[PDB]
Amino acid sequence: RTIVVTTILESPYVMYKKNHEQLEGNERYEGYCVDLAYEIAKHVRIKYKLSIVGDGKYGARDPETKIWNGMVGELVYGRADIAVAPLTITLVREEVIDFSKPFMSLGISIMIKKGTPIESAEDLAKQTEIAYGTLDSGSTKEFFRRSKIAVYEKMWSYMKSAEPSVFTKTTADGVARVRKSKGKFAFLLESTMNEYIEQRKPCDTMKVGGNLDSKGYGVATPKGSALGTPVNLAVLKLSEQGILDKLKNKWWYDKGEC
């Protein structure tokens, strides 16, 4: 019947259409993941309903209750059948949900307000004047928390006990902080987002240095779900036909402003 697709409000993946308040259902949203959801549904041949995840989080297991939140939690506890969003494929998640092969490749990167004297992770680690942070409850924070690499262990030790907190609830909050910090706050987010922001007015931020790692985003389904196989082949098909590239051009560069 109708599949529940959990996703998250994160531009340019999923955003409200200009006149969304006068709309209903899937028509309220637009973006890369909305188009991707549409393309996959066509191949897997299913009817679906997009649902912005309640807590607005990507997904992490609370060390306390051991309960999964975010979109990951929606799949784990059976409140959603599929998740189409910029959800990073990681080991801890692979253990509780299934991931299609990646539909996009990326890595953790550094975002600075233009003019900031920072060109690498090493630069951030060896100073204290400029504060930095990452999104809360996601793969990026876990990367730093788990790294055995000196430079990253150093950054984690600083972010872990920063006051006030340097962990934001959304990508937008991180970006806003970078913009109003007048160069005193750098943000650590995936290259896809960093690249998108650089191309959006007021064009006051930029990605510096190369990525810190290499990974990908995958369409996720509950562990053992029957949709896993069809969805994975659909992702590969769309990759082969260059549809995924068309969509990146559409939502990133066709709409550039800098």
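Whichever C-alpha set is largest while still superposing within 1.5 Å between the two forms counts as the rigid core. Numbering starts at 1 and follows the sequence shown.
Visitor: With the rigid core held as the alignment frame, decide whether 209-217 or 58-66 lies farther from the shown form in 4 other deposited structures of this protein, in terms of RMS C-alpha distance.
Guide: It is 58-66 whose C-alphas lie farther from the shown form in 4 other deposited structures of this protein.
Visitor: Any chance you could tell me whether 99-107 or 163-171 drifts more in 4 other deposited structures of this protein, judged by RMS CA distance from this form after superposing on the core?
Guide: When 163-171 and 99-107 are compared in 4 other deposited structures of this protein, 163-171 lies farther out.
Visitor: Can you tell me which stretch has the higher mean Cα B-factor, 115-123 or 68-76?
Guide: Mean CA B-factor is higher for 115-123.
Visitor: Would you mind comparing 158-166 and 184-192 for me and telling me which has the higher average C-alpha temperature factor in the entry?
Guide: If you average the C-alpha B-factors of 158-166 and of 184-192, the larger mean comes out for 158-166.
Visitor: Which of these, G56, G228, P202, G218, has its C-alpha atom at the highest B-factor, as the entry lists it?
Guide: When the deposited C-alpha B-factors of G56, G228, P202, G218 are compared, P202 is largest.
Visitor: State the tercile, meaning the lowest, middle or highest third, of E21 with respect to the CA B-factors recorded for its chain.
Guide: Highest third - that is where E21 ends up once the chain's C-alpha B-factors are sorted.
Visitor: Lowest, middle or highest third: where is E94 by C-alpha B factor in its chain?
Guide: Lowest third - that is where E94 ends up once the chain's C-alpha B-factors are sorted.
Visitor: Can you tell me which third, lowest, middle or highest, the CA B-factor of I8 falls into for its chain?
Guide: Lowest third.
Visitor: Among the modelled residues of its chain, does the C-alpha B-factor of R145 lie in the lowest, middle or highest third?
Guide: Middle third of the chain for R145's C-alpha B-factor.
Visitor: Determine, from the deposited record, the chain-internal third of the Cα B-factor for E30: lowest, middle or highest.
Guide: Its C-alpha B-factor, which the entry lists for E30, ranks in the lowest third among residues of this chain.
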